[PDB]
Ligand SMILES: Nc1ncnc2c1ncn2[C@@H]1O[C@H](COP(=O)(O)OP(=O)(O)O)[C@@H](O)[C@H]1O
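Listed next as structure tokens is one chain, alone, in the form deposited without this ligand.
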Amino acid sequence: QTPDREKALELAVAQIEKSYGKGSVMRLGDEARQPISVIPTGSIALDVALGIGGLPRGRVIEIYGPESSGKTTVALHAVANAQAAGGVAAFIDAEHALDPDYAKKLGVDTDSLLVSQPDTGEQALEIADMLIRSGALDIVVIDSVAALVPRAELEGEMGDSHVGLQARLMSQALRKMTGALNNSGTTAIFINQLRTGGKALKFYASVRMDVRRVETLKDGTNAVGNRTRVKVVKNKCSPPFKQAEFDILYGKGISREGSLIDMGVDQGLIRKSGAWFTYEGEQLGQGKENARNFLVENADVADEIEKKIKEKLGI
């Protein structure tokens, strides 16, 4: 472009940035502006796709997809890591599907996990709000949006008529919740299905993640887990529309080790030979699984690889 023109564009981008907050406009090629702390997701691939190395703090987040997609598994990792860094976590549950043992195996401090099973939608969000305004929570997860049924509808239509009262109930709540989240620095993840009040969440959220099962991972001829794909369809902290893939193993969750290998070869830090993954002259293993297993059994070298990937990308 011309220099006389670039002055006015930078002026305009700045006015947008100042008038409506940072992230209001971005070139898709732009670098991510790194926050102090974030909540990692369990996949380095996703952390990278998110730009800022994980989920932002003090913001609303939506993770969505069909049933048995992996959306909750991603949400639970966010919880696990938030706790691992000394944070308190809450789980606002209107579905009653949570598996604590799976959550444990994946990394959650279940004993410490605050859990609430509310009577109504407004109660769910009212409780979340009170839990947030304490300033003691790092992460709160709402499972799920579709289950936030209004009092009136639960009481036999006694008190309302509008079929879209639930959407109105989300809208009101999110307006008040938004201020509480930024002040507190608390992350709120709303889990949502594809198949009630997701229209407001779509605009209030700073990150929206589209989660999908892509392919089954087999052991000879038996189902071990699923190849998962996530597109960041909305991102107010870094350029949107990035996507990542990673493995969710039944009983164990997102393989951090698999995602390190994938991004290892993606960045040329891990080389091939003949189905042989190698690192810094040493060999990790023959085939994808042996390398994965090697990194599990050698956590020190897995961290070397994690460190070596972040530094190369800022993250």
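We call the rigid core whatever largest set of C-alpha positions still superposes within 1.5 Å between the two forms. One rule holds for the numbers: they count along the sequence shown, beginning at 1.
**Q** Between 162-170 and 204-212, pick out the one whose C-alpha positions differ more from the shown form in 9 other deposited structures of this protein, using the rigid core for superposition.
**A** After the core superposition, the stretch with higher RMS deviation in 9 other deposited structures of this protein is 162-170.
**Q** Please pick 213-221 or 102-110, whichever has its Cα atoms farther from the shown form in 9 other deposited structures of this protein after a rigid core fit.
**A** Comparing 102-110 with 213-221, the one that moves more in 9 other deposited structures of this protein is 213-221.
**Q** Counting the other entries of this protein, is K236 left out in at least a third of them?
**A** No; none of the other entries leave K236 out.
**Q** Considering only other entries where residues before and after it are modelled, is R195 without coordinates in at least a third?
**A** Yes: coordinates for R195 absent from at least a third of the compared entries.
**Q** Could you tell me how many residues of the deposited sequence sit unmodelled between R195 and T196 (none, 1 to 3, 4 to 9, 10 or more)?
**A** Count of unmodelled residues in between: 10 or more.
**Q** Got a sec? Mean C-alpha B-factor, which is higher, 146-154 or 232-240?
**A** Mean CA B-factor is higher for 146-154.
**Q** Please compare 43-51 with 25-33 and name the stretch with the higher mean C-alpha B-factor in the deposited structure.
**A** According to the entry, 25-33 carries the higher average C-alpha B-factor.
**Q** In terms of recorded Cα temperature factor, pick the maximum from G264, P56, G253, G281.
**A** It is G281.
**Q** Could you check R133, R212, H96, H162 and tell me which one carries the biggest Cα B-factor in the deposited entry?
**A** Answer for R133, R212, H96, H162: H162, with the highest C-alpha B-factor.
**Q** By the recorded C-alpha temperature factor, relative to the other modelled residues in its chain, which third is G220 in?
**A** According to the entry, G220 has a C-alpha B-factor in the chain's highest third.
**Q** Splitting the chain's C-alpha B-factors into thirds, which one does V60 fall into?
**A** It belongs to the lowest third of the chain when residues are ordered by C-alpha B-factor.
**Q** According to the PDB entry, is the CA B factor of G258 in the bottom, middle or top third of its chain, that is, lowest, middle or highest?
**A** For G258, whose C-alpha B-factor we compare with every modelled residue in the chain, the answer is the middle third.
**Q** Thinking about Cα B factors across the chain, which third does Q166 belong to?
**A** It falls in the top third of the chain.
We do not show the form deposited with this ligand bound, though everything after this point is about it.
**Q** Taking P66, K71 and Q193 as a possible spot, do all three reach this ligand in the deposited complex with a heavy atom inside 4.5 Å?
**A** Judged in the deposited complex, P66, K71 and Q193 all sit within 4.5 Å of this ligand.
**Q** Can any non-hydrogen atom of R227 be found within 4.5 angstroms of this ligand in the deposited complex?
**A** Outside the cut-off, so no.
**Q** Is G251 a contact residue for this ligand in the deposited complex, using a 4.5 Å heavy atom cut-off?
**A** So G251 counts as contacting this ligand.
**Q** Using the partner position in the deposited complex, report whether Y102 sits within 4.5 Å of this ligand, counting heavy atoms only.
**A** Yes, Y102 is a contact residue.
**Q** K231 versus this ligand, in the deposited complex: is there a non-hydrogen atom within 4.5 Å?
**A** Heavy-atom contact with this ligand at 4.5 Å: absent for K231.
**Q** By the heavy atom within 4.5 Å rule, which residue out of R151, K242, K236, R213 makes contact with this ligand in the deposited complex?
**A** Answer to the contact question: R213.
**Q** Residues in which of 94-102, 165-173, 119-127, 197-205 have heavy atoms within 4.5 Å of this ligand in the deposited complex?
**A** In short, 94-102.
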